[PDB]
């Protein structure tokens, strides 16, 4: 129906510099969907777009821009950061409002019908 990928975002050393990895949401249903990407570590990543609609048959690629660390972490360190992607039906015209605007009502209505993915992060 709705496909969200990848399972893991892998950021490659030098982890002191910023780099971009990519997620993607494909709507293979026949109705428009809306999605929201939530970041557990907002000080270290910029997500763009962090909320949007996906028309039937469309794929939206989401840039996850890692801003970097002050020092290279230990080789054994396990990054615990995560990104939760939530997708919902979006059957109403937004009337020019943004998805982040209506997301409150949208989720309040269809939260039971949500399709979500927890995307992990791995430091390499």
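Residue numbers count along the first chain shown, from 1.
Test of understanding: from the entry's C-alpha B-factors, which stretch has the higher mean, 67-75 or 24-32? Looking at the record's C-alpha B-factors, the answer is 67-75.
Quick check: 46-54 versus 77-85, which has the larger average CA B-factor in the record? Between 77-85 and 46-54, it is 77-85.
For residue 99, does the deposited CA B-factor place it in the lowest, middle or highest third of the chain? Tercile = lowest for this residue's CA B-factor.
Please rank the C-alpha B-factors of the chain's modelled residues and tell me whether residue 124 sits in the lowest, middle or highest third. As the PDB entry reports it, the C-alpha B-factor of residue 124 lands in the highest third of its chain.
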